[PDB]
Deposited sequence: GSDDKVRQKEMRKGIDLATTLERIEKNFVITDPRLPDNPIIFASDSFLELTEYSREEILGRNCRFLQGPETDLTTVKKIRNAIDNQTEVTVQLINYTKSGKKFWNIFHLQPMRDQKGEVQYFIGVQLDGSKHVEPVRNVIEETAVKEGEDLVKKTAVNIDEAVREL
C-alpha cells in the first residue's frame, strides 16, 4: 500500500481540473515540478517546455512589475499572497490572471512546495468587482484542496 498511495495521489492530482502548478523552492530557482492540464491549455505550453523552470515566463511587456514585487516578498518571506496580474500565452495573448500563491510545509516548518493556482476573467462595476473577489476565494478553495489532496 506504500507505492499505491503514489499512484492514487497522481490520479487525485490529475482529477483537479483547474489551473495550477507546484514548485519546489529547494531546487534551483524554485522550478515547476508539476503543471495541470488546464494550466497547460490556458497558457498554451507543453510540459517539456515548462518543467524545471520558474513561472516568470507568463509575464510580459505590460505585466505590472510592482505586482510581481509582492510575489517576491511572499516567496522570500515564505508566505501566501493573492494578486491579479496580466499574463500571456505561449503565442502572446493577454489574460487577467487572478493568481494565488501559498506554501506547503512539513511538520518541521520547512517549506516543501508552493502551490500556485490561476484563474481567468476576460469598467469595474458592483457585480463585476464582487465577482473578482469571489474568484479570489475560489483560487484559495482550490489551493487548499490541492494541499488537502497531497497531504491525505
Counting from 1 along the deposited sequence, the ranges with no C-alpha atoms are 1 to 8, 131 to 135, 166
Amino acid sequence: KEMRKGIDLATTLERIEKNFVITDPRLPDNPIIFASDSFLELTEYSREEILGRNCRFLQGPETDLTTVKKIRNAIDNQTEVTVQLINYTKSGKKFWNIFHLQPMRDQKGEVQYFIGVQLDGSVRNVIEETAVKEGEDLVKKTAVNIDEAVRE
From here on, numbers count along this sequence of modelled residues.
Per the PDB entry, mean CA B-factor is higher for 61 to 69 or 28 to 36, namely for 61 to 69
The residue of 124, 47, 53, 100 with the maximal C-alpha B-factor according to the PDB record is 124
Of the three thirds of the chain ranked by Cα temperature factor, residue 109 occupies the middle
Among the modelled residues of its chain, the C-alpha B-factor of residue 42 falls in the third labelled middle
Residue 140: C-alpha B-factor third of its chain, per the entry, is the middle
